[PDB]
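Here the structure is laid out as structure tokens; the discussion comes afterwards.
In what follows, every chain begins at residue 1, and chains take the letters A, B, ... in the order their sequences are listed. All heavy atoms count here, side chains included; hydrogens, waters and symmetry mates do not.
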Amino acid sequence: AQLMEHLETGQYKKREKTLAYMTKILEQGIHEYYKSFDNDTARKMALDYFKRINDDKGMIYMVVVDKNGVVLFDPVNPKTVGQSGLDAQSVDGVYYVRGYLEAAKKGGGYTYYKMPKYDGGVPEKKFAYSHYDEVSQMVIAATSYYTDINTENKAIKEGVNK
Amino acid sequence: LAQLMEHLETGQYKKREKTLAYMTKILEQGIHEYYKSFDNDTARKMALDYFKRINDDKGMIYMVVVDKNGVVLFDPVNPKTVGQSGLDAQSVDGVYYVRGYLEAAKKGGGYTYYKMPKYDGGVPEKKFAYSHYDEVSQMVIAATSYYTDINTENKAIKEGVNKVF
């Protein structure tokens, strides 16, 4: 029991670090767009790319806000796009956009809250790593769901139990 | 404890294999945004400039890229191989690693296991590659990781299991 708890916690901490790395490499990727296309086109390319990531339904799901907290990308909550998210709350009462901004102002960090995986779905616990990308002038958040981390680690868990 | 640690390590490596497949998919999706609008030479130069930056990060993954025929397009560890056929390239442990990339890609994606330095002139160490043929770019793209790095990333988990004993 104690072993499984510390294992699960360690797997979550590892994923936190993975998200900071993935955010860095995603930034470096979209910088190609910004170097070579006009600003409006580069942003469109970034958000089309992030849609494709989310549509993959894999390790991470992106959320993007501007430095003032205007939501730029969030397919779970499409009606929020283009509006201030400063007063947006998750169902567990977290001002998730404020969290993104607070983490970014510190040079990167984490926000913890519940949200569905898709619009209208069951809410579940997740976390976001957010960072301010100087080139795009976007606060980019890579996010993962604890259910998915557990799924990915299920074979490890079953081996330890065996 | 020993059997525990063994099955744990093996499981962590298997997890990383899956991670590499996913990261390759999202990297392909990223580069496609400009393959769709620029000429091949320009788009390829951009993709490989990006991949240089990934490798320079010295983090989870390092890229290697070859063409469908095994010409090496990108490998900062082995810069003299770039622009040459890699079909007879052998790792220090005797693996035809480019042949491995291509055989894995022919199957729809897969793995190649070999020893290689982390940088040009470094000590060789054990690694693996996930490779996949990206039809849009017409490149065989390999995301790679070193076992030493996986172990480093998992050290706090290992120490926690050890403390519980």
Side-chain angles (χ1 to χ4, degrees), chain A residues 22-43 45-67 70-75 78 81-82 131-142, chain B residues 20-35 37-57 61-69 71-76 82-83 101 105 108-109 130-143:
Chain A
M22 288 182 167
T23 303
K24 176 169 67 177
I25 72 169
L26 289 171
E27 289 174 346
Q28 293 173 311
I30 74 174
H31 292 167
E32 294 300 317
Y33 310 162
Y34 284 84
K35 286 180 297 181
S36 292
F37 300 82
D38 66 34
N39 219 85
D40 287 349
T41 300
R43 189 184 284 171
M45 291 167 71
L47 301 189
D48 179 81
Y49 175 34
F50 293 173
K51 178 183 166 28
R52 293 175 186 267
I53 296 177
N54 289 27
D55 287 347
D56 292 336
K57 297 182 180 181
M59 294 180 73
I60 69 174
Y61 298 85
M62 308 308 295
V63 184
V64 186
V65 304
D66 82 9
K67 66 186 74 71
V70 176
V71 181
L72 304 181
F73 176 84
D74 189 3
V81 171
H131 180 259
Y132 184 68
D133 180 50
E134 304 188 68
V135 165
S136 65
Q137 302 185 43
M138 297 193 303
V139 176
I140 299 169
Chain B
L20 295 181
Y22 175 75
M23 291 175 165
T24 302
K25 176 168 69 175
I26 74 172
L27 292 170
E28 290 171 346
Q29 291 169 324
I31 75 180
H32 293 166
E33 294 287 341
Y34 45 85
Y35 271 83
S37 49
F38 286 165
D39 66 55
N40 183 61
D41 285 346
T42 304
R44 184 178 285 180
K45 281 181 188 163
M46 292 163 66
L48 300 183
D49 195 36
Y50 176 30
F51 293 177
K52 177 178 174 332
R53 292 200 299 287
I54 294 177
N55 290 30
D56 288 345
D57 293 337
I61 73 176
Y62 297 87
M63 307 308 294
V64 182
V65 186
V66 308
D67 81 9
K68 61 184 79 71
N69 297 315
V71 178
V72 179
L73 300 181
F74 175 83
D75 188 1
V82 175
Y101 299 158
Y130 171 81
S131 59
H132 179 258
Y133 183 64
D134 183 53
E135 178 46 48
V136 163
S137 68
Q138 305 191 29
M139 299 192 300
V140 174
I141 300 170

Review point. Is any NZ, NE, NH1 or NH2 atom of the basic residue among B:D49 and A:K35 found under 4.0 Å from an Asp or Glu carboxylate oxygen of the other?
Key: yes
**Study point:** From A:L47 atom CG to A:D74 atom CG, the distance as rounded to the nearest 0.5 Å
**Key:** 11.5 Å
Check your understanding: Can you tell me how far the CD1 atom of B:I141 sits from the OH atom of B:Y130, to the nearest 0.5 Å?
Key -> 10.5 Å
Exercise for review: Quick one: do B:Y35 and B:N40 satisfy side-chain contact (heavy atoms from CB on, under 4.5 Å)? Show the steps, please.
Suggested key: CA-CA 7 Å; B:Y35 271 83; B:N40 183 61; 3.6 Å; yes
Review point. Between B:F38 and A:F37, how do the two ring planes meet: parallel, tilted or perpendicular, split at 30° and 60°?
Key: parallel
Check your understanding: Taking atom CG of A:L26 and atom CG of A:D133, what is their separation to the nearest 0.5 Å?
Key -> 10.5 Å
Point to revise | Where B:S131 and B:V140 come nearest, the two heavy atoms and their spacing | key: CB-CG1, 4.1 Å
Exercise for review: Please answer whether the main-chain N or O of A:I30 pairs with a side-chain N or O of B:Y50 as donor and acceptor at a distance below 3.5 Å.
Suggested key: no
Review point. Ignoring hydrogens and geometry, is there a side-chain-to-backbone donor-acceptor pair from B:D67 to B:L73 under 3.5 Å?
Key: no
**Study point:** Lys/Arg-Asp/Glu bridge criterion (N-O < 4.0 Å) met for A:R52, B:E28
**Key:** no
Review point. Can you list the steps and then say if A:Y132 with A:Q137 is a side-chain contact (heavy atoms from CB on, under 4.5 Å)?
Key: CA-CA 7 Å; A:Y132 184 68; A:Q137 302 185 43; 3.3 Å; yes
Practice item. Nearest 0.5 Å please: distance from the CE atom of A:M45 over to the CG atom of A:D40. Key: 13.0 Å
Check your understanding: Ignoring hydrogens and geometry, is there a side-chain-to-backbone donor-acceptor pair from B:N69 to B:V71 under 3.5 Å?
Key -> no
Point to revise | Distance in Å, B:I61 CD1 paired with A:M22 CE, rounded so as to fall on 0.5 Å steps | key: 8.0 Å
Study note, to complete from the structure: One should read off an interatomic distance between A:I53 CD1 and B:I26 CD1, to the nearest 0.5 angstrom, of 4.5 Å
Check your understanding: Hey, are B:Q29 and A:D56 close enough side-chain-wise for a donor-acceptor pair under 3.5 Å?
Key -> yes
